[PDB]
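Below is one structure; the comments refer to it alone.
There are 2 protein chains.
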Amino acid sequence: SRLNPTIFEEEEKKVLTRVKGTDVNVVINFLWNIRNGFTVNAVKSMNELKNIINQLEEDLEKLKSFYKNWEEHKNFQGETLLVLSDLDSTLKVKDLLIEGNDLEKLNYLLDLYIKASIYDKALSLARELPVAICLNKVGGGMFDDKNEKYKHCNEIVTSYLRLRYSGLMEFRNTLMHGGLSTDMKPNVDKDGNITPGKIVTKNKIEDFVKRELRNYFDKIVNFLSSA
Amino acid sequence: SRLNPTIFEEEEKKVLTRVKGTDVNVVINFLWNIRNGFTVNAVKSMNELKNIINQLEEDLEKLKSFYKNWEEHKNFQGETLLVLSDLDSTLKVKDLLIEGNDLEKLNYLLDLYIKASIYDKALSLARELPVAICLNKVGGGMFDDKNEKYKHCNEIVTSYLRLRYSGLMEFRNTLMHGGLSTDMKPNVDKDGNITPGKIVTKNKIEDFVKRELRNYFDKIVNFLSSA
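Note that the protein sequences, when read in sequence, are chains A and B. Position in the first sequence (first residue = 1) + 42 = our numbering. Position in the second sequence (first residue = 1) + 42 = our numbering.
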């Protein structure tokens with residue numbers, strides 16, 4: 043924001059004025075909508091960011107060139123407000139981006155939720171994605187209970203999950219309500235010393251999500267394919 | 043029953059005593075359990091009848107031989123209690139018989155319910171067969187509401203049918219309750235002159251069952267295959 047330094051040459055200012063206006067707050071919002079699980083908006087933003095970083099690549103490439111020939115850019119002489127590392131590290135988001143329909147983009151978002159050990163979101167996404175997949179092949183329909191193509195189509199995924207992947211449903215619901223739930227059944231106590239009802243250790247969830255949650259998902263979607 | 047005539051030669055009596063004891067009442071029970079829709083018992087009996095008719099073929103073949111050389115069988119001289127046509131016509135049931143697992147045998151029974159224009163049973167069978175198909179691939183389970191593998195597995199077929207083959211469900215239920223139902227909604231009248239609510243003509247049902255009911259069924263089972 044506080045850029046645009048005094049002595050400026052045409053070619054450097056043309057590159058710098060692009061960099062100055064890099065929409066970094068979008069990449070922040072993208073990460074926020076992922077941490078707080080807003081795939082609908084997180085996945086939608088993917089195409090815009092694909093344009094943001096493509097421009098940030100060809101901008102940084104020029105800056106890399108100017109700093110690789112620093113002897114000609116002694117206007118950048120006192121630039122305490124500029125950092126090539128701050129920008130180059132923002133380029134990492136190119137990994138979190140893929141191409142395809144919003145459904146295909148969410149399928150990728152699942153794997154990102156698995157690699158980053160954010161289990162809660164990974165399971166919830168793997169649970170609701172097959173609903174959306176089926177809605178696409180039945181002509182499409184809103185995620186409202188009023189919509190019949192949703193209502194039935196959600197019962198197909200709920201019932202298939204509940205008789206086959208009995209664990210997917212438990213693990214999802216357990217993580218969704220976390221502590222103090224009908225899923226965990228703690229005793230609470232007259233004294234106030236809450237005592238847990240179930241256990242489900244760190245390396246219970248860890249193994250399931252990180253080793254089977256992907257394999258299981260592909261087996262669900264391959265079933266709903268011929269729907 | 044009133045067979046075993048007086049002057050009898052060893053070879054004719056050996057064939058005739060087999061014929062005399064042909065279990066025709068089984069073929070009757072088989073047809074009864076089909077007309078009144080007892081596939082569970084109708085399909086089970088298929089293997090027994092496959093043995094009945096195989097013996098009735100090689101019995102009639104000997105009788106055909108004896109009657110093709112009538113000049114040597116003048117003991118059959120007065121046989122008013124014997125009829126080759128009565129037996130040969132019972133051989134037709136070989137068509138109503140196929141080989142395979144009881145599930146595969148029922149899949150054939152569907153087509154027999156379609157060729158014979160007995161719609162009511164055809165639709166009901168095409169509705170419940172995919173439940174049984176899914177139960178087989180989930181390890182198997184009783185057709186009781188207490189059984190979880192049934193409960194969920196029936197919801198998969200009900201929900202898939204209700205959002206895709208909306209007609210399969212209507213036509214089945216309409217024929218199941220027939221006249222005077224929540225499916226037909228007649229007004230009844232204060233006078234007592236019942237007035238119909240819907241129509242659904244002879245050639246409405248006729249076209250659906252006889253032209254699409256088979257194609258639609260195969261599309262359902264190909265979906266539940268990867269379950």
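C-beta: ideal position from N, C-alpha, C; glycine also.
Within this structure, are the beta carbons of residue i and residue j separated by less than 8 angstroms?
i	j	result
B/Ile156	B/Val251	yes
A/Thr132	A/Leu98	yes
B/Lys191	A/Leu205	yes
B/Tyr202	A/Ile198	yes
A/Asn178	A/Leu145	yes
B/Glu90	B/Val68	yes
B/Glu121	B/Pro238	no
A/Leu123	A/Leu45	yes
A/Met226	A/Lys240	yes
A/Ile95	A/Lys136	yes
residue 32 of chain A	A/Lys147	In the structure as shown, chain A begins at 43 and stops at 269. Residue 32 of chain A is therefore absent and cannot be evaluated.
A/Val242	A/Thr224	no
B/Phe108	B/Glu54	yes
A/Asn149	B/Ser268	no
A/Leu139	A/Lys110	no
Measuring alpha carbon to alpha carbon, tell me which of the options ends up nearest residue i.
i	options	result
A/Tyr258	A/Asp233, A/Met226, A/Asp153 and A/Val180	A/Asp153
A/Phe80	A/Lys136, A/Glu113, A/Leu167 and A/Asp101	A/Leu167
B/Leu266	B/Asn196, B/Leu129, B/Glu212 and B/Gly234	B/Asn196
A/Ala164	A/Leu58, A/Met211 and A/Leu102	A/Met211
A/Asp128	A/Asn75, A/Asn83 and A/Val66	A/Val66
A/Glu100	A/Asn189, A/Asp130, A/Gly220 and A/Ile140	A/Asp130
B/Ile160	B/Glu114, B/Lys193 and B/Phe213	B/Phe213
A/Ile262	A/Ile236, A/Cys176 and A/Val180	A/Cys176
B/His115	B/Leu58, B/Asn189 and B/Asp162	B/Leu58
A/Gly209	A/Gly181, A/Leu255 and A/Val230	A/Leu255
A/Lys86	A/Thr64, A/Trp112 and A/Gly142	A/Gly142
A/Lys244	A/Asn235, A/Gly234 and A/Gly220	A/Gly220
residue 270 of chain B	B/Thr200, B/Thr64, B/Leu151 and B/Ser43	Because chain B spans 43 through 269 in this model, residue 270 of chain B falls outside it and cannot be assessed.
B/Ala158	B/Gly234, B/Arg77 and B/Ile236	B/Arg77
A/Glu248	A/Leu73, A/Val230, A/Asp162 and A/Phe72	A/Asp162
B/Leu102	B/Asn75, B/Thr64, B/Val82 and B/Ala84	B/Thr64
B/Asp260	B/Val230, B/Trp112 and B/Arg169	B/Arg169
Chain E beta carbons: is any one of them nearer than 8 angstroms to that of residue i?
i	result
A/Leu45	The question asks about chain E, but that chain is absent: this structure's protein chains are A and B.
Check distances from the C-beta atoms of the stretch 191 to 218 of chain A to those of chain B and list, in chain order, the residues that come in under 7 angstroms. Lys191, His194, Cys195, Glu197, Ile198, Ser201, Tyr202, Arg204 and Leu205
- Cβ-based contacts, 8 angstroms cut-off: residues of the stretch 173 to 185 of chain B near chain A: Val180
* Asked: Curious, which full-length alpha helix (DSSP H) runs of at least 4 residues does the stretch 52 to 85 of chain A contain?
  -> 52 to 62 and 66 to 77
Quiz item: Using a beta-carbon distance cut-off of less than 7 angstroms, what residues from the stretch 239 to 268 of chain B approach chain A?
Solution: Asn264, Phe265 and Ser268
Please specify which runs of the beta strand (DSSP E), each continuous and at least 3 residues long, are wholly inside the stretch 108 to 178 of chain B, giving them in chain order.
-> none
request  = Kindly provide the ranges of any alpha helix (DSSP H) runs that are 4 or more residues long and lie completely inside the stretch 233 to 262 of chain A, ordered along the chain.
outcome  = 244 to 253
Any chance you could list the alpha helix (DSSP H) runs of at least 4 consecutive residues sitting entirely within the stretch 177 to 231 of chain A, in chain order? 190 to 205 and 208 to 219
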